[PDB]
Amino acid sequence: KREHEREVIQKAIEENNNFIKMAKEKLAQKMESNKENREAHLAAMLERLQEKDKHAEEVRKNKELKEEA
Amino acid sequence: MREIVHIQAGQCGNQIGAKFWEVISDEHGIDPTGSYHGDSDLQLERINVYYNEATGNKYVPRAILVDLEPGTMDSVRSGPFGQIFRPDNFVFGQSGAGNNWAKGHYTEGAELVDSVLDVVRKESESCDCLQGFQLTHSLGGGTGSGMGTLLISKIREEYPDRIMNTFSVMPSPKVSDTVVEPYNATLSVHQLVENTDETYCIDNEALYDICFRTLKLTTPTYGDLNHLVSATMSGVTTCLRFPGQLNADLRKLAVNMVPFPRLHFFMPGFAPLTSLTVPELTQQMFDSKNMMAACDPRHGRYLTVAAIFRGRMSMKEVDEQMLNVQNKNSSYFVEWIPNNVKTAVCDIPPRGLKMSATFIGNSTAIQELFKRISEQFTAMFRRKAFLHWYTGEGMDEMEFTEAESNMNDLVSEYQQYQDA
Ligand SMILES: Nc1nc2c(ncn2[C@@H]2O[C@H](COP(=O)(O)OP(=O)(O)O)[C@@H](O)[C@H]2O)c(=O)[nH]1
Ligand SMILES: [Ca+2]
Ligand SMILES: [Mg+2]
């Protein structure tokens with residue numbers, strides 16, 4: 001009976017620790033995924049804007065080559 | 001066979017235990033300061049069964065007060081006879097047991113139980129010849145039920161040749177604090193079947209009904225219930241506490257009352273209960289309305305009975321009336337245990353009464369009580385309702401299945417002797 005009493009309490013401890021560990025890991029995974037996702041969204045936006053700068057340069061270059069006529 | 005060590009556990013256990021000590025203290029002439037002021041030598045002759053002596057002719061209850069929260073014991077300590085207890089014998093935690101047998105038996109209670117055993121050991125050590133232990137508790141809560149039965153197991157391990165006796169309050173939906181009472185009581189009953197010699201079964205429904213139907217109390221309080229329990233516990237311990245020939249110690253009582261080791265659950269009764277002659281006392285003590293397990297004695301058979309009469313009365317008439325009960329209702333006493341009713345008489349009556357009688361019956365009808373609890377258990381367990389409170393403390397469902405089976409087995413063993 002004493003052996004059983006010991007098993008019950010160590011079970012209780014193990015499940016509480018496992019609940020904590022799982023919560024901690026899930027939250028870490030979520031915050032990492034979210035960070036990566038938001039950063040990628042920002043990077044995509046800046047990439048598009050930077051393409052526009054590229055295009056603007058191209059336009060001004062094109063004007064200058066047609067004024068060499 | 002001299003000293004008894006008393007333990008009271010949890011809210012119910014402590015509230016009824018406090019009242020018990022007030023009542024027998026008064027009977028033995030002990031005042032709240034532990035001083036004796038009685039006028040009869042009968043009062044002191046066996047006082048050592050329940051009290052230690054201290055310097056200055058002081059008497060101190062051999063009592064240990066246990067709880068997993070401080071509230072009820074703070075109240076006891078503030079009560080009428082509160083200062084009579086040994087201060088070192090209050091053993092308590094802070095976290096409570098949440099009406100949860102698992103918390104009492106496996107987690108919260110496990111953390112406190114060694115310190116309770118230390119006090120038990122200290123009391124036992126100063127006993128010339130320890131008879132055994134008496135525990136007061138309820139089966140429906142967490143501390144008295146879970147921790148109380150944990151204590152019983154550890155006490156048996158350490159004192160395996162001593163008698164264990166309990167006054168065990170059985171829950172009822174009509175007088176209930178929470179819905180998990182049937183789970184706590186089922187888990188406990190299996191512990192009691194194995195680890196007690198004698199258990200007085202006190203049904204809160206019976207107490208309530210006596211207060212309301214008989215005493216005409218329109219709205220009974222736990223205090224009103226506890227007055228009945230007090231009076232009953234005084235009556236059933238009379239033979240241990242005063243000079244006498246019959247059932248004068250816990251083992252002799254067990255040998256007279258328990259013909260098969262598991263069938264040790266008794267229905268107690270008290271008379272009078274009124275809103276008095278020997279005949280009237282005798283009829284009322286055998287009256288189902290005067291018994292405290294909410295089981296109908298006519299639905300079973302008596303294996304054994306102890307009757308205790310108190311007050312100045314004709315022993316001749318007592319003997320005559322007790323014979324009349326057995327001879328006129330002989331079918332309700334099993335024929336294969338000859339002369340199975342024993343009667344004692346004590347000259348000292350309880351407070352406020354000129355005469356009284358107390359009844360202790362080992363009746364197969366007590367199966368009705370275990371059946372009620374079993375039904376209530378199953379109604380919830382079939383849907384695993386409320387089980388998260390227990391699994392959260394590390395228990396698994398299989399332990400519930402086993403307790404339920406154990407109690408159904410007990411019910412079956414009673415029924416077998418009912419048809420014997
Ligand atoms: N007769 C009686 N029953 C009580 C009292 N207090 C609680 N109960 C009953 O005891 C059970 C609840 O257990 P309780 O002793 O309060 O829980 P614990 O402190 O965890 O042991 C229920 O069945 C209640 O009806 C009391 O003072 N007298
Ligand atoms: Ca703790
Ligand atoms: Mg309570």
# chains A, B, ... in the order shown; residues from 1 in each chain; ligands from 1
call {"tool": "residues_around", "arguments": {"residues": "residue 406 in chain B", "least_positions_apart": "2", "cutoff": "12 Å", "atoms": "only C-alpha atoms", "output": "JSON, numbers by chain"}}
result
{"B": [186, 187, 188, 189, 190, 191, 192, 193, 194, 262, 370, 374, 399, 400, 401, 402, 403, 404, 408, 409, 410, 411, 412, 413]}
call {"tool": "write_last_selection", "arguments": {"atoms": "N, CA, C and O atoms", "output": "tab-separated table (two decimals), in the first residue's frame"}}
result
chain	number	residue	atom	x	y	z
B	186	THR	N	-17.13	6.00	-0.66
B	186	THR	CA	-16.82	4.69	-1.21
B	186	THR	C	-15.32	4.37	-1.03
B	186	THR	O	-14.95	3.26	-0.62
B	187	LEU	N	-14.46	5.34	-1.33
B	187	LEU	CA	-13.03	5.10	-1.21
B	187	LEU	C	-12.71	4.77	0.25
B	187	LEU	O	-11.89	3.90	0.55
B	188	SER	N	-13.37	5.46	1.16
B	188	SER	CA	-13.13	5.26	2.59
B	188	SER	C	-13.64	3.95	3.14
B	188	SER	O	-12.97	3.29	3.94
B	189	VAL	N	-14.86	3.58	2.76
B	189	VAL	CA	-15.45	2.35	3.27
B	189	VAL	C	-14.54	1.16	2.99
B	189	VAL	O	-14.38	0.29	3.85
B	190	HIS	N	-13.91	1.11	1.82
B	190	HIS	CA	-12.99	0.00	1.57
B	190	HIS	C	-11.83	0.02	2.56
B	190	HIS	O	-11.44	-1.03	3.04
B	191	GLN	N	-11.29	1.20	2.88
B	191	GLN	CA	-10.26	1.25	3.91
B	191	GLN	C	-10.79	0.73	5.26
B	191	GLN	O	-10.09	-0.01	5.95
B	192	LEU	N	-12.01	1.12	5.64
B	192	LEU	CA	-12.57	0.70	6.93
B	192	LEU	C	-12.83	-0.80	6.99
B	192	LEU	O	-12.63	-1.44	8.04
B	193	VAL	N	-13.26	-1.39	5.90
B	193	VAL	CA	-13.52	-2.82	5.86
B	193	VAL	C	-12.26	-3.59	6.24
B	193	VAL	O	-12.31	-4.61	6.93
B	194	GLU	N	-11.11	-3.09	5.83
B	194	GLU	CA	-9.87	-3.81	5.98
B	194	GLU	C	-9.32	-3.42	7.35
B	194	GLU	O	-8.63	-4.29	7.85
B	262	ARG	N	-15.00	-8.79	8.50
B	262	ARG	CA	-15.43	-7.63	7.69
B	262	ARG	C	-16.76	-7.02	8.14
B	262	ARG	O	-17.06	-5.86	7.84
B	370	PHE	N	-24.86	0.97	2.56
B	370	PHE	CA	-23.79	0.81	1.59
B	370	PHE	C	-24.36	0.77	0.19
B	370	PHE	O	-23.76	1.30	-0.76
B	374	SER	N	-23.47	3.21	-2.84
B	374	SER	CA	-23.08	2.56	-4.08
B	374	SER	C	-23.88	3.09	-5.28
B	374	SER	O	-23.32	3.32	-6.35
B	399	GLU	N	-8.75	2.61	-9.54
B	399	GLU	CA	-8.88	2.61	-8.09
B	399	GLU	C	-10.35	2.82	-7.66
B	399	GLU	O	-10.81	2.25	-6.67
B	400	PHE	N	-11.09	3.60	-8.43
B	400	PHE	CA	-12.53	3.78	-8.21
B	400	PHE	C	-13.30	2.49	-8.51
B	400	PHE	O	-14.21	2.12	-7.77
B	401	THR	N	-12.94	1.82	-9.59
B	401	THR	CA	-13.57	0.56	-9.95
B	401	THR	C	-13.37	-0.46	-8.83
B	401	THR	O	-14.30	-1.19	-8.44
B	402	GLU	N	-12.16	-0.51	-8.30
B	402	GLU	CA	-11.85	-1.46	-7.24
B	402	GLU	C	-12.59	-1.16	-5.93
B	402	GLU	O	-13.10	-2.08	-5.29
B	403	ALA	N	-12.69	0.12	-5.55
B	403	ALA	CA	-13.43	0.50	-4.34
B	403	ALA	C	-14.92	0.14	-4.43
B	403	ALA	O	-15.50	-0.37	-3.47
B	404	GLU	N	-15.51	0.42	-5.58
B	404	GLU	CA	-16.91	0.10	-5.86
B	404	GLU	C	-17.15	-1.40	-5.77
B	404	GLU	O	-18.14	-1.84	-5.19
B	408	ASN	N	-19.51	-3.42	-3.02
B	408	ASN	CA	-20.54	-4.33	-3.48
B	408	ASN	C	-20.34	-5.72	-2.87
B	408	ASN	O	-21.31	-6.43	-2.65
B	409	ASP	N	-19.08	-6.10	-2.64
B	409	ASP	CA	-18.75	-7.38	-2.02
B	409	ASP	C	-19.23	-7.38	-0.56
B	409	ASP	O	-19.78	-8.37	-0.08
B	410	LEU	N	-19.02	-6.26	0.13
B	410	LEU	CA	-19.46	-6.11	1.51
B	410	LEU	C	-20.97	-6.30	1.57
B	410	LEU	O	-21.48	-7.06	2.39
B	411	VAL	N	-21.69	-5.61	0.69
B	411	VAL	CA	-23.15	-5.73	0.62
B	411	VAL	C	-23.57	-7.18	0.43
B	411	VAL	O	-24.49	-7.65	1.08
B	412	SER	N	-22.87	-7.89	-0.46
B	412	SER	CA	-23.15	-9.30	-0.72
B	412	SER	C	-22.91	-10.19	0.50
B	412	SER	O	-23.64	-11.16	0.71
B	413	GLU	N	-21.91	-9.86	1.31
B	413	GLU	CA	-21.60	-10.67	2.48
B	413	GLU	C	-22.65	-10.51	3.58
B	413	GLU	O	-22.95	-11.45	4.30
call {"tool": "residues_near_ligand", "arguments": {"ligand": "ligand 1", "cutoff": "6 Å", "atoms": "only C-alpha atoms and all ligand atoms", "output": "PDB file with N, CA, C and O atoms, in the first residue's frame"}}
result
ATOM      1  N   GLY B  10     -10.390  16.344  10.523  1.00  0.00           N
ATOM      2  CA  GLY B  10     -11.208  17.117   9.604  1.00  0.00           C
ATOM      3  C   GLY B  10     -12.266  17.919  10.337  1.00  0.00           C
ATOM      4  O   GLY B  10     -12.325  17.908  11.576  1.00  0.00           O
ATOM      5  N   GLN B  11     -13.119  18.599   9.577  1.00  0.00           N
ATOM      6  CA  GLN B  11     -14.092  19.514  10.162  1.00  0.00           C
ATOM      7  C   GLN B  11     -15.128  18.752  10.989  1.00  0.00           C
ATOM      8  O   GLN B  11     -15.305  19.009  12.177  1.00  0.00           O
ATOM      9  N   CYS B  12     -15.829  17.827  10.348  1.00  0.00           N
ATOM     10  CA  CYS B  12     -16.828  17.029  11.056  1.00  0.00           C
ATOM     11  C   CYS B  12     -16.193  16.330  12.257  1.00  0.00           C
ATOM     12  O   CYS B  12     -16.703  16.399  13.395  1.00  0.00           O
ATOM     13  N   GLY B  13     -15.075  15.663  12.009  1.00  0.00           N
ATOM     14  CA  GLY B  13     -14.423  14.868  13.038  1.00  0.00           C
ATOM     15  C   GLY B  13     -14.083  15.720  14.248  1.00  0.00           C
ATOM     16  O   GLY B  13     -14.302  15.315  15.388  1.00  0.00           O
ATOM     17  N   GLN B  15     -15.445  18.726  15.069  1.00  0.00           N
ATOM     18  CA  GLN B  15     -16.624  19.352  15.647  1.00  0.00           C
ATOM     19  C   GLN B  15     -17.368  18.345  16.525  1.00  0.00           C
ATOM     20  O   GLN B  15     -17.819  18.689  17.619  1.00  0.00           O
ATOM     21  N   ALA B  97      -8.142  20.323   2.202  1.00  0.00           N
ATOM     22  CA  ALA B  97      -8.246  19.110   1.394  1.00  0.00           C
ATOM     23  C   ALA B  97      -9.331  19.193   0.302  1.00  0.00           C
ATOM     24  O   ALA B  97      -9.548  18.216  -0.413  1.00  0.00           O
ATOM     25  N   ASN B  99     -12.494  18.878   0.037  1.00  0.00           N
ATOM     26  CA  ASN B  99     -13.506  17.818  -0.028  1.00  0.00           C
ATOM     27  C   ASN B  99     -13.091  16.694  -0.952  1.00  0.00           C
ATOM     28  O   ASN B  99     -13.906  16.111  -1.660  1.00  0.00           O
ATOM     29  N   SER B 138     -15.721  12.287   9.303  1.00  0.00           N
ATOM     30  CA  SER B 138     -16.741  12.019   8.289  1.00  0.00           C
ATOM     31  C   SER B 138     -16.080  11.296   7.129  1.00  0.00           C
ATOM     32  O   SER B 138     -14.861  11.360   6.968  1.00  0.00           O
ATOM     33  N   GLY B 140     -17.414  11.762   3.945  1.00  0.00           N
ATOM     34  CA  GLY B 140     -17.800  12.540   2.770  1.00  0.00           C
ATOM     35  C   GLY B 140     -16.903  13.700   2.354  1.00  0.00           C
ATOM     36  O   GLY B 140     -17.066  14.241   1.255  1.00  0.00           O
ATOM     37  N   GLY B 141     -15.979  14.104   3.222  1.00  0.00           N
ATOM     38  CA  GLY B 141     -15.081  15.217   2.942  1.00  0.00           C
ATOM     39  C   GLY B 141     -13.726  14.702   2.474  1.00  0.00           C
ATOM     40  O   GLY B 141     -13.645  13.615   1.898  1.00  0.00           O
ATOM     41  N   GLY B 142     -12.673  15.475   2.722  1.00  0.00           N
ATOM     42  CA  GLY B 142     -11.343  15.151   2.241  1.00  0.00           C
ATOM     43  C   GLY B 142     -10.395  14.734   3.369  1.00  0.00           C
ATOM     44  O   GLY B 142      -9.684  13.734   3.261  1.00  0.00           O
ATOM     45  N   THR B 143     -10.389  15.497   4.454  1.00  0.00           N
ATOM     46  CA  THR B 143      -9.415  15.277   5.522  1.00  0.00           C
ATOM     47  C   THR B 143      -9.816  14.098   6.399  1.00  0.00           C
ATOM     48  O   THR B 143      -9.051  13.152   6.543  1.00  0.00           O
ATOM     49  N   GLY B 144     -11.004  14.151   6.992  1.00  0.00           N
ATOM     50  CA  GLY B 144     -11.441  13.052   7.845  1.00  0.00           C
ATOM     51  C   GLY B 144     -11.487  11.750   7.059  1.00  0.00           C
ATOM     52  O   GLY B 144     -11.121  10.691   7.548  1.00  0.00           O
ATOM     53  N   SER B 145     -11.943  11.833   5.819  1.00  0.00           N
ATOM     54  CA  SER B 145     -12.156  10.655   4.994  1.00  0.00           C
ATOM     55  C   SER B 145     -10.832  10.112   4.445  1.00  0.00           C
ATOM     56  O   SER B 145     -10.465   8.975   4.707  1.00  0.00           O
ATOM     57  N   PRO B 171     -22.178  10.226   4.552  1.00  0.00           N
ATOM     58  CA  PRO B 171     -22.838  11.368   3.927  1.00  0.00           C
ATOM     59  C   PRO B 171     -24.225  11.023   3.403  1.00  0.00           C
ATOM     60  O   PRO B 171     -24.533   9.868   3.122  1.00  0.00           O
ATOM     61  N   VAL B 175     -28.328  16.114   3.417  1.00  0.00           N
ATOM     62  CA  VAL B 175     -27.548  16.930   4.325  1.00  0.00           C
ATOM     63  C   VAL B 175     -26.142  16.890   3.796  1.00  0.00           C
ATOM     64  O   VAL B 175     -25.291  16.178   4.331  1.00  0.00           O
ATOM     65  N   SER B 176     -25.896  17.648   2.728  1.00  0.00           N
ATOM     66  CA  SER B 176     -24.689  17.458   1.911  1.00  0.00           C
ATOM     67  C   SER B 176     -23.996  18.794   1.676  1.00  0.00           C
ATOM     68  O   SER B 176     -24.668  19.821   1.575  1.00  0.00           O
ATOM     69  N   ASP B 177     -22.667  18.765   1.603  1.00  0.00           N
ATOM     70  CA  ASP B 177     -21.862  19.930   1.262  1.00  0.00           C
ATOM     71  C   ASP B 177     -21.438  19.935  -0.219  1.00  0.00           C
ATOM     72  O   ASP B 177     -21.412  20.998  -0.856  1.00  0.00           O
ATOM     73  N   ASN B 204     -25.907  10.958   8.323  1.00  0.00           N
ATOM     74  CA  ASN B 204     -26.385  12.334   8.478  1.00  0.00           C
ATOM     75  C   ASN B 204     -27.859  12.488   8.125  1.00  0.00           C
ATOM     76  O   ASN B 204     -28.532  13.366   8.648  1.00  0.00           O
ATOM     77  N   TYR B 222     -25.869  21.730  11.829  1.00  0.00           N
ATOM     78  CA  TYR B 222     -24.864  20.722  12.103  1.00  0.00           C
ATOM     79  C   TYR B 222     -24.702  20.591  13.621  1.00  0.00           C
ATOM     80  O   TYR B 222     -24.425  19.509  14.138  1.00  0.00           O
ATOM     81  N   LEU B 225     -27.318  18.276  14.895  1.00  0.00           N
ATOM     82  CA  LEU B 225     -26.925  16.907  14.575  1.00  0.00           C
ATOM     83  C   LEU B 225     -25.871  16.425  15.557  1.00  0.00           C
ATOM     84  O   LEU B 225     -25.905  15.280  16.007  1.00  0.00           O
ATOM     85  N   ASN B 226     -24.930  17.305  15.874  1.00  0.00           N
ATOM     86  CA  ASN B 226     -23.789  16.939  16.700  1.00  0.00           C
ATOM     87  C   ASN B 226     -24.153  16.711  18.161  1.00  0.00           C
ATOM     88  O   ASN B 226     -23.487  15.942  18.867  1.00  0.00           O
TER      89      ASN B 226
END
call {"tool": "residues_near_ligand", "arguments": {"ligand": "ligand 2", "cutoff": "10 Å", "atoms": "only C-alpha atoms and all ligand atoms", "output": "VMD selection string"}}
result
chain B and resid 93 to 96 103 107 to 112
call {"tool": "closest_residue", "arguments": {"among": "A:36, A:67, A:3, A:15", "to": "chain B", "atoms": "only C-alpha atoms"}}
result
A:15
call {"tool": "interface_residues", "arguments": {"of": "chain A", "to": "chain B", "cutoff": "8 Å", "atoms": "only C-alpha atoms", "output": "VMD selection string"}}
result
chain A and resid 5 8 to 13 15
call {"tool": "residues_around", "arguments": {"residues": "residue 324 in chain B", "least_positions_apart": "6", "cutoff": "12 Å", "atoms": "only C-alpha atoms", "output": "number ranges by chain"}}
result
B: 278-279, 282-283, 286, 317-318, 330, 341
call {"tool": "write_last_selection", "arguments": {"atoms": "C-alpha atoms", "output": "mmCIF file, in the first residue's frame"}}
result
data_model
loop_
_atom_site.group_PDB
_atom_site.id
_atom_site.type_symbol
_atom_site.label_atom_id
_atom_site.label_comp_id
_atom_site.auth_asym_id
_atom_site.auth_seq_id
_atom_site.Cartn_x
_atom_site.Cartn_y
_atom_site.Cartn_z
ATOM 1 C CA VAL B 278 -37.872 0.854 31.813
ATOM 2 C CA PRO B 279 -40.417 -0.589 29.333
ATOM 3 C CA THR B 282 -36.512 -0.434 26.066
ATOM 4 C CA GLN B 283 -39.116 -0.076 23.319
ATOM 5 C CA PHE B 286 -35.103 -0.803 19.660
ATOM 6 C CA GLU B 317 -37.036 -4.903 35.193
ATOM 7 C CA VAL B 318 -34.205 -4.179 32.710
ATOM 8 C CA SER B 330 -37.036 -13.642 17.999
ATOM 9 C CA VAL B 341 -27.849 -9.704 23.001
#
call {"tool": "select_by_dssp", "arguments": {"residues": "range 158-388 of chain B", "states": "strand (DSSP E or B)", "output": "MDAnalysis selection string"}}
result
chainID B and resid 163:170 172 175 198:203 265:271 291 302:311 333 341:346 355:363
call {"tool": "closest_residue", "arguments": {"among": "B:347, B:74, B:26, B:181", "to": "ligand 3", "atoms": "only C-alpha atoms and all ligand atoms"}}
result
B:181
call {"tool": "select_by_dssp", "arguments": {"residues": "range 87-332 of chain B", "states": "alpha helix (DSSP H)", "output": "PyMOL selection string"}}
result
chain B and resi 101-105+108-125+148-158+181-195+204-209+222-236+238-241+250-257+278-285+315-328
call {"tool": "atom_distance", "arguments": {"atom1": "CA of residue 90 in chain B", "atom2": "CA of residue 125 in chain B"}}
result
17.8 Å
call {"tool": "decode", "arguments": {"residues": "range 38-62 of chain A", "atoms": "N, CA and C atoms", "output": "short mmCIF file (atom, residue, chain, number, x, y, z; two decimals), in the first residue's frame"}}
result
data_model
loop_
_atom_site.label_atom_id
_atom_site.label_comp_id
_atom_site.auth_asym_id
_atom_site.auth_seq_id
_atom_site.Cartn_x
_atom_site.Cartn_y
_atom_site.Cartn_z
N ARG A 38 5.95 37.27 -39.33
CA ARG A 38 5.84 38.71 -39.41
C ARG A 38 7.07 39.30 -40.10
N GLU A 39 8.25 38.79 -39.77
CA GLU A 39 9.47 39.30 -40.39
C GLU A 39 9.46 39.07 -41.90
N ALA A 40 8.98 37.90 -42.31
CA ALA A 40 8.93 37.55 -43.73
C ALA A 40 7.92 38.46 -44.48
N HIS A 41 6.84 38.82 -43.80
CA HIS A 41 5.82 39.72 -44.35
C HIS A 41 6.43 41.11 -44.56
N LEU A 42 7.18 41.57 -43.56
CA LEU A 42 7.86 42.86 -43.68
C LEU A 42 8.90 42.83 -44.79
N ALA A 43 9.66 41.74 -44.88
CA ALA A 43 10.73 41.64 -45.86
C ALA A 43 10.15 41.67 -47.27
N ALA A 44 9.05 40.96 -47.47
CA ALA A 44 8.40 40.94 -48.77
C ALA A 44 8.00 42.35 -49.18
N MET A 45 7.46 43.12 -48.23
CA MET A 45 6.98 44.47 -48.52
C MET A 45 8.14 45.37 -48.94
N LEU A 46 9.22 45.32 -48.17
CA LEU A 46 10.41 46.12 -48.45
C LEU A 46 11.05 45.72 -49.77
N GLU A 47 11.00 44.43 -50.08
CA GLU A 47 11.52 43.93 -51.35
C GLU A 47 10.76 44.56 -52.52
N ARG A 48 9.44 44.62 -52.41
CA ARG A 48 8.61 45.25 -53.44
C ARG A 48 8.95 46.73 -53.60
N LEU A 49 9.06 47.43 -52.47
CA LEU A 49 9.39 48.85 -52.48
C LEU A 49 10.76 49.09 -53.10
N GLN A 50 11.70 48.21 -52.79
CA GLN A 50 13.04 48.33 -53.35
C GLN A 50 13.03 48.09 -54.86
N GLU A 51 12.17 47.18 -55.33
CA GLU A 51 12.00 46.98 -56.77
C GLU A 51 11.55 48.28 -57.42
N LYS A 52 10.67 49.01 -56.74
CA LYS A 52 10.17 50.26 -57.27
C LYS A 52 11.32 51.25 -57.47
N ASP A 53 12.27 51.26 -56.54
CA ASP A 53 13.42 52.17 -56.63
C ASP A 53 14.25 51.78 -57.84
N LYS A 54 14.43 50.48 -58.02
CA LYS A 54 15.10 49.94 -59.19
C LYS A 54 14.43 50.46 -60.46
N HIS A 55 13.12 50.29 -60.54
CA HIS A 55 12.35 50.75 -61.69
C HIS A 55 12.49 52.25 -61.91
N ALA A 56 12.47 53.03 -60.83
CA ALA A 56 12.59 54.48 -60.96
C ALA A 56 13.94 54.86 -61.58
N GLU A 57 15.00 54.19 -61.15
CA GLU A 57 16.32 54.40 -61.73
C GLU A 57 16.29 54.11 -63.23
N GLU A 58 15.67 52.99 -63.58
CA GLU A 58 15.55 52.56 -64.97
C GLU A 58 14.87 53.64 -65.83
N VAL A 59 13.80 54.22 -65.30
CA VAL A 59 13.07 55.28 -65.98
C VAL A 59 13.98 56.49 -66.25
N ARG A 60 14.68 56.95 -65.22
CA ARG A 60 15.55 58.12 -65.36
C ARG A 60 16.71 57.83 -66.31
N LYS A 61 17.18 56.58 -66.30
CA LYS A 61 18.21 56.16 -67.24
C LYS A 61 17.67 56.21 -68.67
N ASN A 62 16.43 55.75 -68.83
CA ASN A 62 15.79 55.69 -70.13
C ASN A 62 15.57 57.09 -70.71
#
